[PDB]
file protein23.cif (mmCIF, C-alpha atoms and all ligand atoms)
data_entry
#
loop_
_atom_site.label_atom_id
_atom_site.label_comp_id
_atom_site.auth_asym_id
_atom_site.auth_seq_id
_atom_site.Cartn_x
_atom_site.Cartn_y
_atom_site.Cartn_z
CA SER A 1 34.09 -7.07 9.90
CA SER A 2 34.94 -3.45 10.69
CA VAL A 3 35.78 -2.40 14.23
CA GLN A 4 33.46 -0.49 16.55
CA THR A 5 34.74 1.65 19.42
CA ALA A 6 33.58 3.27 22.62
CA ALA A 7 35.42 5.85 24.69
CA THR A 8 35.38 7.34 28.17
CA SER A 9 37.59 9.76 30.07
CA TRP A 10 37.99 11.22 33.54
CA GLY A 11 39.93 13.94 35.27
CA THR A 12 41.78 16.83 33.69
CA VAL A 13 45.01 15.16 32.56
CA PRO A 14 42.91 13.31 31.45
CA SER A 15 42.70 9.55 31.65
CA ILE A 16 41.18 8.10 28.46
CA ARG A 17 40.03 4.54 27.77
CA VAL A 18 39.13 3.41 24.25
CA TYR A 19 37.41 0.03 23.81
CA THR A 20 37.51 -1.71 20.44
CA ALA A 21 35.19 -4.53 19.41
CA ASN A 22 36.95 -6.40 16.61
CA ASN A 23 36.06 -9.84 15.25
CA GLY A 24 34.23 -10.80 18.43
CA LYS A 25 36.86 -9.57 20.91
CA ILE A 26 36.83 -6.34 22.93
CA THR A 27 40.16 -4.86 24.02
CA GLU A 28 41.20 -1.63 25.73
CA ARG A 29 43.76 1.10 25.04
CA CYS A 30 44.69 3.56 27.78
CA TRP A 31 46.05 7.08 28.10
CA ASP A 32 47.11 8.45 31.50
CA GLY A 33 48.83 11.57 30.11
CA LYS A 34 51.99 10.22 28.50
CA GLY A 35 51.75 7.41 25.97
CA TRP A 36 49.07 4.93 24.93
CA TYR A 37 49.27 1.45 26.43
CA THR A 38 47.18 -1.70 26.51
CA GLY A 39 44.74 -2.12 29.38
CA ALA A 40 43.66 -5.19 31.31
CA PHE A 41 40.15 -5.35 29.80
CA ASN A 42 39.67 -8.38 27.53
CA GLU A 43 36.15 -9.74 27.01
CA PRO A 44 34.24 -11.21 24.07
CA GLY A 45 31.64 -9.28 22.13
CA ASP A 46 30.76 -7.63 18.84
CA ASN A 47 29.50 -4.35 20.31
CA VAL A 48 30.68 -2.14 23.17
CA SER A 49 29.56 0.89 25.13
CA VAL A 50 31.09 2.37 28.25
CA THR A 51 30.44 4.86 31.02
CA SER A 52 32.49 5.89 34.03
CA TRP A 53 32.30 8.06 37.12
CA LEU A 54 34.56 9.28 39.90
CA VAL A 55 33.95 8.97 43.62
CA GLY A 56 36.50 11.44 44.89
CA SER A 57 39.65 10.33 43.07
CA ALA A 58 38.51 6.70 42.61
CA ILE A 59 37.44 5.79 39.06
CA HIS A 60 34.64 3.33 38.33
CA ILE A 61 34.11 2.01 34.80
CA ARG A 62 31.22 -0.03 33.39
CA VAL A 63 31.61 -1.67 29.97
CA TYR A 64 28.54 -3.11 28.26
CA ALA A 65 29.66 -5.89 25.93
CA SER A 66 27.10 -7.50 23.63
CA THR A 67 27.20 -10.67 21.56
CA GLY A 68 24.16 -11.32 19.43
CA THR A 69 21.30 -10.06 21.60
CA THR A 70 23.01 -10.73 24.96
CA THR A 71 24.64 -7.88 26.91
CA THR A 72 27.12 -8.47 29.74
CA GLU A 73 28.26 -5.69 32.07
CA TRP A 74 31.90 -5.63 33.17
CA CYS A 75 32.95 -3.55 36.17
CA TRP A 76 36.20 -1.87 37.19
CA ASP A 77 36.35 -0.42 40.71
CA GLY A 78 40.16 -0.27 40.83
CA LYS A 79 40.79 -3.93 41.71
CA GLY A 80 40.22 -5.97 38.56
CA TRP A 81 37.38 -6.50 36.10
CA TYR A 82 34.37 -8.53 37.23
CA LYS A 83 30.90 -9.28 35.90
CA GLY A 84 28.17 -6.88 36.99
CA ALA A 85 24.53 -7.42 37.84
CA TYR A 86 23.18 -5.90 34.60
CA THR A 87 20.52 -7.97 32.88
CA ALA A 88 18.25 -7.29 29.94
CA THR A 89 15.62 -9.40 28.19
CA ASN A 90 16.40 -8.81 24.51
CA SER B 1 24.21 1.88 4.90
CA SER B 2 22.48 3.24 7.99
CA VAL B 3 24.07 6.02 10.02
CA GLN B 4 25.80 5.56 13.37
CA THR B 5 26.13 8.37 15.90
CA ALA B 6 28.11 9.36 18.96
CA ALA B 7 27.38 12.20 21.35
CA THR B 8 29.11 14.24 24.03
CA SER B 9 28.17 17.28 26.08
CA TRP B 10 29.70 19.68 28.58
CA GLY B 11 28.61 22.42 30.92
CA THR B 12 25.11 23.20 32.11
CA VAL B 13 23.69 25.10 29.13
CA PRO B 14 24.84 22.63 27.83
CA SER B 15 27.05 22.35 24.79
CA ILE B 16 26.24 19.20 22.80
CA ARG B 17 28.14 17.65 19.90
CA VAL B 18 26.64 14.84 17.83
CA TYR B 19 28.89 12.98 15.37
CA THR B 20 27.35 11.02 12.50
CA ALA B 21 29.16 8.37 10.49
CA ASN B 22 27.33 8.10 7.17
CA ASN B 23 28.58 6.38 4.01
CA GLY B 24 32.20 6.65 5.11
CA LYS B 25 32.11 10.30 6.25
CA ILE B 26 31.87 11.61 9.81
CA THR B 27 30.34 15.05 10.37
CA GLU B 28 29.38 17.07 13.43
CA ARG B 29 26.28 18.94 14.59
CA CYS B 30 26.52 21.41 17.47
CA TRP B 31 24.26 22.92 20.12
CA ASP B 32 25.48 25.81 22.29
CA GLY B 33 22.06 26.61 23.78
CA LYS B 34 20.16 28.19 20.90
CA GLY B 35 19.94 26.37 17.59
CA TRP B 36 21.73 23.44 15.98
CA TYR B 37 24.54 24.26 13.56
CA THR B 38 27.21 22.41 11.64
CA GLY B 39 30.62 22.03 13.27
CA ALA B 40 34.11 22.06 11.82
CA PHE B 41 34.73 18.32 12.27
CA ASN B 42 34.92 16.45 8.95
CA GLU B 43 36.89 13.19 8.80
CA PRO B 44 36.45 9.86 7.02
CA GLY B 45 35.24 6.74 8.77
CA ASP B 46 32.43 4.24 9.15
CA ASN B 47 32.34 4.24 12.96
CA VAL B 48 32.68 6.97 15.58
CA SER B 49 33.01 7.35 19.32
CA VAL B 50 33.75 10.48 21.32
CA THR B 51 34.72 11.68 24.76
CA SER B 52 35.39 15.14 26.14
CA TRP B 53 36.55 16.89 29.29
CA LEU B 54 36.85 20.40 30.67
CA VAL B 55 39.95 22.01 32.12
CA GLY B 56 38.39 24.97 33.84
CA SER B 57 36.22 26.44 31.09
CA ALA B 58 38.32 25.02 28.22
CA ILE B 59 36.75 22.06 26.38
CA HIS B 60 38.81 19.20 24.96
CA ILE B 61 37.23 16.68 22.61
CA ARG B 62 38.62 13.39 21.30
CA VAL B 63 36.87 11.65 18.40
CA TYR B 64 37.82 8.07 17.54
CA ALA B 65 37.10 7.50 13.86
CA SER B 66 37.47 3.99 12.45
CA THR B 67 37.61 2.70 8.89
CA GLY B 68 37.84 -1.05 8.52
CA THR B 69 40.05 -2.07 11.45
CA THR B 70 42.01 1.22 11.64
CA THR B 71 41.16 3.83 14.29
CA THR B 72 42.35 7.44 14.08
CA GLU B 73 42.03 9.87 16.97
CA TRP B 74 41.09 13.49 16.22
CA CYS B 75 41.67 16.18 18.83
CA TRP B 76 40.01 19.53 19.55
CA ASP B 77 41.70 21.75 22.15
CA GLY B 78 39.94 24.94 21.02
CA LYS B 79 42.20 25.74 18.05
CA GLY B 80 41.29 23.35 15.25
CA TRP B 81 41.13 19.59 14.78
CA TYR B 82 44.39 17.65 14.55
CA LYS B 83 45.42 14.01 14.56
CA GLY B 84 46.20 12.55 17.98
CA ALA B 85 48.78 10.02 19.11
CA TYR B 86 46.29 7.15 19.56
CA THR B 87 47.37 3.87 18.02
CA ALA B 88 45.96 0.37 18.19
CA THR B 89 47.03 -2.90 16.60
CA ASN B 90 43.73 -4.34 15.36
CA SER C 1 20.49 -8.53 13.86
CA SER C 2 22.79 -8.10 16.86
CA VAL C 3 22.05 -5.47 19.48
CA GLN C 4 23.88 -2.17 19.85
CA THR C 5 24.06 -0.28 23.14
CA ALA C 6 24.82 3.14 24.53
CA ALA C 7 25.37 4.09 28.15
CA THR C 8 25.41 7.15 30.37
CA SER C 9 25.72 7.75 34.10
CA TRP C 10 25.54 10.57 36.62
CA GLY C 11 26.27 11.18 40.26
CA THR C 12 28.33 9.04 42.60
CA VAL C 13 25.86 6.29 43.50
CA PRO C 14 25.70 6.33 40.49
CA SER C 15 22.65 6.39 38.26
CA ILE C 16 23.26 4.40 35.07
CA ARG C 17 21.12 4.20 31.94
CA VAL C 18 21.81 1.62 29.23
CA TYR C 19 20.00 1.95 25.89
CA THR C 20 19.68 -1.07 23.61
CA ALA C 21 18.80 -0.89 19.92
CA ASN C 22 17.41 -4.31 18.99
CA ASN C 23 15.48 -5.20 15.83
CA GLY C 24 14.45 -1.59 15.26
CA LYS C 25 13.39 -0.80 18.84
CA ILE C 26 15.36 1.13 21.47
CA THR C 27 14.66 0.39 25.14
CA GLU C 28 16.23 1.48 28.42
CA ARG C 29 17.51 -0.28 31.54
CA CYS C 30 18.16 1.71 34.71
CA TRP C 31 20.30 1.47 37.82
CA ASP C 32 19.77 3.88 40.73
CA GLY C 33 22.00 1.98 43.19
CA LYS C 34 19.99 -1.13 44.03
CA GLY C 35 18.67 -3.31 41.23
CA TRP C 36 18.24 -2.94 37.48
CA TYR C 37 14.78 -1.98 36.24
CA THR C 38 13.14 -1.00 32.97
CA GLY C 39 12.94 2.70 32.14
CA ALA C 40 10.27 4.72 30.39
CA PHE C 41 12.27 5.27 27.18
CA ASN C 42 10.79 3.41 24.19
CA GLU C 43 11.49 4.75 20.69
CA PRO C 44 12.17 3.17 17.29
CA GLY C 45 15.62 3.00 15.76
CA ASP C 46 18.50 0.77 14.75
CA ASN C 47 21.27 2.87 16.32
CA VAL C 48 21.54 4.81 19.58
CA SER C 49 23.87 7.24 21.29
CA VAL C 50 23.31 9.18 24.50
CA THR C 51 24.69 12.01 26.57
CA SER C 52 23.55 13.55 29.83
CA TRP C 53 24.35 16.41 32.18
CA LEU C 54 23.36 17.66 35.61
CA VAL C 55 22.11 21.12 36.50
CA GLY C 56 22.51 21.00 40.24
CA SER C 57 20.77 17.73 41.13
CA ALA C 58 18.49 17.73 38.05
CA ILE C 59 19.46 15.22 35.33
CA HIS C 60 19.00 15.92 31.63
CA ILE C 61 19.37 13.13 29.08
CA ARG C 62 19.52 13.32 25.29
CA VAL C 63 19.17 10.13 23.25
CA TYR C 64 19.99 10.20 19.54
CA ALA C 65 18.00 7.47 17.81
CA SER C 66 18.66 6.76 14.14
CA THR C 67 16.73 4.76 11.57
CA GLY C 68 18.33 4.52 8.16
CA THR C 69 19.94 7.93 7.72
CA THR C 70 17.44 9.85 9.91
CA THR C 71 18.36 10.82 13.48
CA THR C 72 15.76 11.88 16.05
CA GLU C 73 16.70 13.43 19.40
CA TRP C 74 14.69 12.44 22.48
CA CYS C 75 14.88 14.57 25.62
CA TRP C 76 14.41 13.83 29.32
CA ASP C 77 14.31 16.82 31.67
CA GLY C 78 12.65 14.93 34.52
CA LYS C 79 9.06 15.13 33.24
CA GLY C 80 8.73 12.64 30.40
CA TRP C 81 10.45 12.01 27.07
CA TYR C 82 9.79 14.43 24.21
CA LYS C 83 11.24 15.07 20.77
CA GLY C 84 14.09 17.58 20.64
CA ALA C 85 15.04 20.18 18.06
CA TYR C 86 18.01 18.23 16.66
CA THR C 87 18.13 18.04 12.89
CA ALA C 88 20.75 16.77 10.47
CA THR C 89 20.84 16.54 6.68
CA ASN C 90 22.23 13.05 6.10
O1 LIG D 101 46.15 1.92 33.97
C1 LIG D 101 45.44 1.03 33.12
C2 LIG D 101 44.21 0.46 33.81
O2 LIG D 101 44.53 -0.14 35.04
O3 LIG D 101 43.32 1.55 33.99
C3 LIG D 101 42.07 1.19 34.60
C4 LIG D 101 41.33 0.21 33.72
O4 LIG D 101 41.05 0.88 32.48
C5 LIG D 101 42.19 -1.02 33.49
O5 LIG D 101 41.57 -1.93 32.58
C6 LIG D 101 43.55 -0.61 32.93
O6 LIG D 101 44.41 -1.74 32.83
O1 LIG D 102 29.37 -3.15 42.44
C1 LIG D 102 28.97 -3.60 41.15
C2 LIG D 102 27.66 -2.97 40.73
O2 LIG D 102 26.72 -2.98 41.78
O3 LIG D 102 27.97 -1.63 40.37
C3 LIG D 102 26.83 -0.86 39.94
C4 LIG D 102 26.17 -1.49 38.72
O4 LIG D 102 27.11 -1.44 37.65
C5 LIG D 102 25.80 -2.93 39.04
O5 LIG D 102 25.25 -3.58 37.89
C6 LIG D 102 27.04 -3.69 39.52
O6 LIG D 102 26.71 -5.03 39.87
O1 LIG D 103 31.12 26.05 18.06
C1 LIG D 103 31.31 24.93 17.21
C2 LIG D 103 32.67 24.28 17.42
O2 LIG D 103 33.71 25.21 17.30
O3 LIG D 103 32.64 23.72 18.73
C3 LIG D 103 33.85 23.03 19.10
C4 LIG D 103 34.07 21.85 18.16
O4 LIG D 103 32.96 20.97 18.33
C5 LIG D 103 34.15 22.36 16.73
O5 LIG D 103 34.27 21.28 15.81
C6 LIG D 103 32.91 23.18 16.38
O6 LIG D 103 33.04 23.76 15.09
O1 LIG D 104 47.59 16.86 22.92
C1 LIG D 104 47.09 15.78 22.15
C2 LIG D 104 47.06 14.50 22.98
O2 LIG D 104 48.25 14.33 23.71
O3 LIG D 104 45.96 14.62 23.87
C3 LIG D 104 45.77 13.49 24.73
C4 LIG D 104 45.54 12.22 23.93
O4 LIG D 104 44.31 12.38 23.22
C5 LIG D 104 46.69 12.01 22.97
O5 LIG D 104 46.47 10.87 22.15
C6 LIG D 104 46.87 13.26 22.09
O6 LIG D 104 47.97 13.11 21.21
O1 LIG D 105 14.02 6.09 37.30
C1 LIG D 105 13.91 5.69 35.94
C2 LIG D 105 13.77 6.89 35.02
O2 LIG D 105 12.72 7.73 35.40
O3 LIG D 105 15.02 7.58 35.08
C3 LIG D 105 15.09 8.73 34.22
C4 LIG D 105 14.93 8.31 32.77
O4 LIG D 105 16.03 7.45 32.47
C5 LIG D 105 13.61 7.59 32.60
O5 LIG D 105 13.46 7.09 31.27
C6 LIG D 105 13.51 6.42 33.58
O6 LIG D 105 12.22 5.82 33.51
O1 LIG D 106 14.71 21.80 25.81
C1 LIG D 106 14.97 20.88 24.75
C2 LIG D 106 16.24 21.26 24.00
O2 LIG D 106 16.30 22.63 23.75
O3 LIG D 106 17.32 20.87 24.85
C3 LIG D 106 18.62 21.14 24.30
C4 LIG D 106 18.82 20.42 22.98
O4 LIG D 106 18.80 19.02 23.25
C5 LIG D 106 17.71 20.80 22.02
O5 LIG D 106 17.83 20.08 20.79
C6 LIG D 106 16.35 20.51 22.67
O6 LIG D 106 15.29 20.90 21.80
#

call {"tool": "encode", "arguments": {"input": "protein23.cif", "output": "structure tokens"}}
result
Amino acid sequence: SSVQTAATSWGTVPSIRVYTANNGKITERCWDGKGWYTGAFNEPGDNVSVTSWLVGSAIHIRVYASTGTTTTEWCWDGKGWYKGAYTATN
Amino acid sequence: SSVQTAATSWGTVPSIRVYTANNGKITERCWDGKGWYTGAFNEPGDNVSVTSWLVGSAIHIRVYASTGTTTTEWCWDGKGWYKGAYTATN
Amino acid sequence: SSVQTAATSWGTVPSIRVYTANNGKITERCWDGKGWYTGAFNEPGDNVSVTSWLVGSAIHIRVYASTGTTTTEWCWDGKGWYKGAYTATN
């Protein structure tokens, strides 16, 4: 019933994203240098991990959301979240 | 009752920090290239995530410690741990 | 009984590694730019975290696998997984 978080950051400002899995829902809080605000990420799951990388100045984020034994990858390449190709056989 | 960890690293040596949430307490183990040792971070919580970034050679660490549904951000900018501005409405 | 994951990435392609702790076993799924595939990492544990760093083009990965209150570090320096020096007194 307690929340679980994952965090990533990029740059030097920096940008920070914190993902919280809470009661089956994963949401996102954002820092771009001046105030926390709610991000666009909203996906179901009880467990979350995240990684991100820059290509030049363009950020790419991958969030691994799991429900039960099933993990779904969600992708941000600057133009909205979409489901990635990740599969596992858990 | 089992522990949960989070890890971050920086540089090429590298520096590694491993945070362990255990029985409501989060502690920190450190590697700077030659031996593990206990770090200054000590904060309550049952769940931990971490991210870090360099500005030049200066490391900045953010630890997200959660108890129940409440997440507190702890900040290291080289001069002691202090509570950050992070809020969420879980 | 639900899975828990950790993720790391490097480069710009990028390379991604996703670790899944499931029913006491931690396994690894890999992306090197074109298709997910199963990695060599197989170690016991109920909880996983990971960090990685590059030295030039050489990747180094550290996986922190925990069972109960005992955390074991596993190391990849490009030539097979081996147990690291990490200790904690949980
Ligand atoms: O500026 C906020 C935002 O656009 O940053 C990139 C991603 O984290 C998005 O989910 C998020 O809404
Ligand atoms: O462009 C999306 C994608 O190819 O990005 C890299 C990996 O995250 C893949 O699983 C994912 O489908
Ligand atoms: O050298 C150890 C240390 O100073 O490194 C930076 C932070 O991880 C601190 O909590 C820690 O005590
Ligand atoms: O200087 C501290 C601070 O501004 O650093 C960036 C973010 O971690 C903020 O939540 C935090 O208050
Ligand atoms: O190319 C896959 C692989 O060699 O990548 C480096 C490590 O993640 C290994 O466990 C893994 O088998
Ligand atoms: O070469 C292996 C090693 O020295 O790498 C750095 C740290 O991960 C240590 O715990 C580990 O034993």

call {"tool": "residues_around", "arguments": {"input": "protein23.cif", "residues": "range 67-73 of chain B", "least_positions_apart": "6", "cutoff": "7 Å", "atoms": "all atoms listed in the file", "output": "number ranges by chain"}}
result
A: 2-3; B: 45-47, 83-84, 86, 90

call {"tool": "closest_atom_pairs", "arguments": {"input": "protein23.cif", "of": "chain B", "to": "ligand LIG 103 (chain D)", "cutoff": "6 Å", "atoms": "only C-alpha atoms and all ligand atoms", "output": "tab-separated table"}}
result
residue	atom	partner	partner_atom	distance
B:30	CA	D:LIG103	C1	5.9
B:39	CA	D:LIG103	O6	3.5
B:40	CA	D:LIG103	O6	3.8
B:41	CA	D:LIG103	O5	4.6

call {"tool": "write_last_selection", "arguments": {"input": "protein23.cif", "atoms": "C-alpha atoms", "output": "PDB file, in the coordinates of the input"}}
result
ATOM      1  CA  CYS B  30      26.520  21.410  17.470  1.00  0.00           C
ATOM      2  CA  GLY B  39      30.620  22.030  13.270  1.00  0.00           C
ATOM      3  CA  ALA B  40      34.110  22.060  11.820  1.00  0.00           C
ATOM      4  CA  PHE B  41      34.730  18.320  12.270  1.00  0.00           C
TER       5      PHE B  41
END

call {"tool": "atom_distance", "arguments": {"input": "protein23.cif", "atom1": "atom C6 of ligand LIG 102 (chain D)", "atom2": "CA of residue 16 in chain C"}}
result
10.0 Å

call {"tool": "residues_near_ligand", "arguments": {"input": "protein23.cif", "ligand": "ligand LIG 101 (chain D)", "cutoff": "8 Å", "atoms": "all atoms listed in the file", "output": "list in words"}}
result
residues 17, 28, 29, 30, 31, 32, 37, 38, 39, 40, 41, 59, 61, 76, 78, 80 and 81 of chain A

call {"tool": "atom_distance", "arguments": {"input": "protein23.cif", "atom1": "CA of residue 43 in chain A", "atom2": "atom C2 of ligand LIG 102 (chain D)"}}
result
17.5 Å

call {"tool": "axis_aligned_box", "arguments": {"input": "protein23.cif", "around": "ligand LIG 106 (chain D)", "padding_each_side": "3 Å", "output": "lines of an AutoDock Vina configuration file"}}
result
center_x = 16.8
center_y = 20.8
center_z = 23.3
size_x = 10.1
size_y = 9.6
size_z = 11.0

call {"tool": "closest_residue", "arguments": {"input": "protein23.cif", "among": "C:15, C:20, C:27, C:66", "to": "chain B", "atoms": "only C-alpha atoms"}}
result
C:66

call {"tool": "closest_atom_pairs", "arguments": {"input": "protein23.cif", "of": "chain A", "to": "ligand LIG 104 (chain D)", "cutoff": "8 Å", "atoms": "all atoms listed in the file", "output": "CSV"}}
result
residue,atom,partner,partner_atom,distance
A:14,CA,D:LIG104,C3,7.3
A:16,CA,D:LIG104,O4,7.5
A:31,CA,D:LIG104,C4,6.6
A:33,CA,D:LIG104,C3,6.5
A:34,CA,D:LIG104,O2,7.3
A:35,CA,D:LIG104,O5,7.4
A:36,CA,D:LIG104,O5,7.1

call {"tool": "atom_distance", "arguments": {"input": "protein23.cif", "atom1": "atom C4 of ligand LIG 102 (chain D)", "atom2": "CA of residue 85 in chain A"}}
result
6.2 Å

call {"tool": "interface_residues", "arguments": {"input": "protein23.cif", "of": "chain A", "to": "chain B", "cutoff": "7 Å", "atoms": "only C-alpha atoms", "output": "compact mmCIF listing (two decimals) with C-alpha atoms, in the coordinates of the input"}}
result
# COMPACT_ATOMS: atom_id res chain seq x y z
CA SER A 2 34.94 -3.45 10.69
CA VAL A 3 35.78 -2.40 14.23
CA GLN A 4 33.46 -0.49 16.55
CA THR A 5 34.74 1.65 19.42
CA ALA A 6 33.58 3.27 22.62
CA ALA A 7 35.42 5.85 24.69
CA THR A 8 35.38 7.34 28.17
CA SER A 9 37.59 9.76 30.07
CA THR A 12 41.78 16.83 33.69
CA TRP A 36 49.07 4.93 24.93

call {"tool": "closest_residue", "arguments": {"input": "protein23.cif", "among": "C:77, C:13, C:1, C:25", "to": "ligand LIG 105 (chain D)", "atoms": "all atoms listed in the file"}}
result
C:77

call {"tool": "closest_residue", "arguments": {"input": "protein23.cif", "among": "A:79, A:74, A:21, A:42", "to": "ligand LIG 102 (chain D)", "atoms": "only C-alpha atoms and all ligand atoms"}}
result
A:74
